[PDB]
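Undergrad: pasting an experimental structure, sequence included:
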Amino acid sequence: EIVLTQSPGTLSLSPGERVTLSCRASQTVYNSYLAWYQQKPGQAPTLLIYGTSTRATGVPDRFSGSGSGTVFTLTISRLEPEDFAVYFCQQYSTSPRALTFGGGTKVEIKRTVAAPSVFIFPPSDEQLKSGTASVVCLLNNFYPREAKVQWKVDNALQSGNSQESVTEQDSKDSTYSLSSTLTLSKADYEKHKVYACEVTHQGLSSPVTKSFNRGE
Amino acid sequence: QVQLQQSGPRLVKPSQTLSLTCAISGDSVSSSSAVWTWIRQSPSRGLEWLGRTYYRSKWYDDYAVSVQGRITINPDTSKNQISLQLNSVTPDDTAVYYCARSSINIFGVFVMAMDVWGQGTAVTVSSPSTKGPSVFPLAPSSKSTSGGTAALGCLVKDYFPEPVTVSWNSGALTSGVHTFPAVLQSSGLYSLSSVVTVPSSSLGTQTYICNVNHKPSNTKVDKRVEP
């Protein structure tokens, strides 16, 4: 059973640069049987190269495949922002009949630092009727991905009662966004007045705080 | 052209059977120029081939060693589809399942480069019952919109399993939409947010509605979001 090992696992490069992706096979893969795919978030993979070096129909000329034996290479001559994706190699063996994929290389796009815009959302009256209060903080369209969110309730730093998640890099402007949810019981939410999300990021000269007063 | 339309998301109890379908348009399932294949993808294990079926004067199946003995891939010519049956599932079978076509033939061999893919079916192997989400508005304050930009959203809370789909204005609004990965709460239920930034000067003239669809529970919610 042929194992395909892709390197590097993740790459971060500026548009305009040349990208070189490597795929190493544990034993010989014959030239007709090595293919490459591009997979953008939320989508099925699409075929990029087949037969080691043949560009699939419609694929931009900036993509090319090469190599032989046990080492195969996918090159992007000049990276574009829309090329953010995971790239996979794939081999088919006729005897025994087997089909395996490499683990993928994620090509991330390096762009200028971008500060987040920050927004805070109180719990809805509808949710409060149900006994729980979710307070949401949005950090919109920033780069790089590292960001710090601190929740304060009546100026007391919160810990252990929030969860956050981050979008994949935007295909157009190459930024991230982040959502953090502070979850309180209705009783606790009603005990306090000032709710604040404080955001630290490389693009901000000093931290940004967005807040509201419950009932105002 | 050629399109492959797969089952919606599925929740399967451990030890039970996963059944999926892949409906083909723009080709014949019995085409001697095609091979039909199932592939799955998980975060932990990546892309894994499961098997293929194809017609050459008779039907053939080839299955991957990892699943041989509990997998069937059956064609249905009257429906022009292929199916997948995977028996005795475990949580390791939680994955996005894809059907795909391969038709590229090099020197008489189908080299199994996949040229057309279905949209994927998110399968969760787990014992809890389905539960539909509650949908709450994320309304921006008055002051936050004093600038040019208003942030609006929906909180999609307490559902199981993944996934949910969120659109805005029935798909008419896509620019500036961000739908975040769900997080798993201590209850074992998921919570997700979806937001969009829009011009504050529209908040009086334009309606904004988030359309939430949780197919496993047949829950559909359209929530108007008014700052």
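TA: Arrived safely. Numbers count the residues shown, from 1 in each chain, chains lettered A, B, ... in the order given.
Undergrad: next one: stretch A:195-203 to chain centre, how far?
TA: On the basis of CA atoms, centre = their mean, to the nearest Å, stretch A:195-203 sits 21 Å off its chain's mean C-alpha point.
Undergrad: okay, now the domains of chain B?
TA: When chain B is parsed with curated CATH domains, its domains come out as B:5-125, B:134-224.
Undergrad: how far does the last one sit from its chain's centre?
TA: Using CA atoms, centre = their mean, we find the averaged C-alpha position of domain B:134-224 to lie 19 Å away from the chain's own average C-alpha position.
Undergrad: endpoints of it, how far apart?
TA: End-to-end distance of domain B:134-224 (CA to CA, to the nearest Å): 14 Å.
Undergrad: can I get the domains of chain B in a markdown table with distance to chain A and mean neighbour count?
TA: The way it works is simple: take the backbone N, C-alpha and C, and place the C-beta from them, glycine included. Formatted as a markdown table, these follow (distance: least, CB to the nearest CB, whole Å; neighbours: other CB atoms under 10 Å in any protein chain shown):
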| stretch | distance to chain A | mean neighbour count |
| --- | --- | --- |
| domain B:5-125 | 4 | 17 |
| domain B:134-224 | 4 | 18 |
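Undergrad: tabulate the ones you listed (a markdown table), appending distance to residue A:91.
TA: Shown next, in a markdown table, are those (distance: least, CB to CB, whole Å):
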| stretch | distance to residue A:91 |
| --- | --- |
| domain B:5-125 | 9 |
| domain B:134-224 | 31 |
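Undergrad: mind listing what's buried along stretch A:49-68?
TA: By 16 or more other CB atoms under 10 Å in any protein chain shown, the buried positions in stretch A:49-68 come out as A:49-56, A:59, A:63-65, A:67.
Undergrad: which one among the residues you listed gets closest to chain B?
TA: Among the buried residues of stretch A:49-68, residue A:50 lies closest to chain B (CB to the nearest CB), at 3.9 Å.
Undergrad: ok, that closest one - contacts?
TA: Neighbouring residues of residue A:50 by CB atoms under 8 Å, 6 or more residues apart in numbering or on different chains: A:35-36, A:56, B:104, B:111, B:113.
Undergrad: ok, the residues you listed vs residue B:48, which is closest?
TA: residue A:35 (15.7 Å; CB to CB).
Undergrad: so where does the closest one fall, helix or strand?
TA: Using DSSP states H and E, residue A:35 sits in strand A:34-39.
Undergrad: can you state the direction angle for the helix or strand following that strand and strand A:34-39?
TA: Next helix or strand after strand A:34-39 toward the C-terminus (DSSP H and E): strand A:46-50. Between the axes of strand A:46-50 and strand A:34-39, defined by axes from the mean of the first three to the mean of the last three CA atoms, to 10 degrees, the angle is 150 degrees.
Undergrad: got the contact list for the helix or strand following strand A:46-50?
TA: Sequence-wise, the next helix or strand downstream of strand A:46-50 (DSSP H and E) is strand A:54-55. Residues outside strand A:54-55 that contact it (CB under 8 Å, 6+ apart): A:48-49, A:61, A:63-65.
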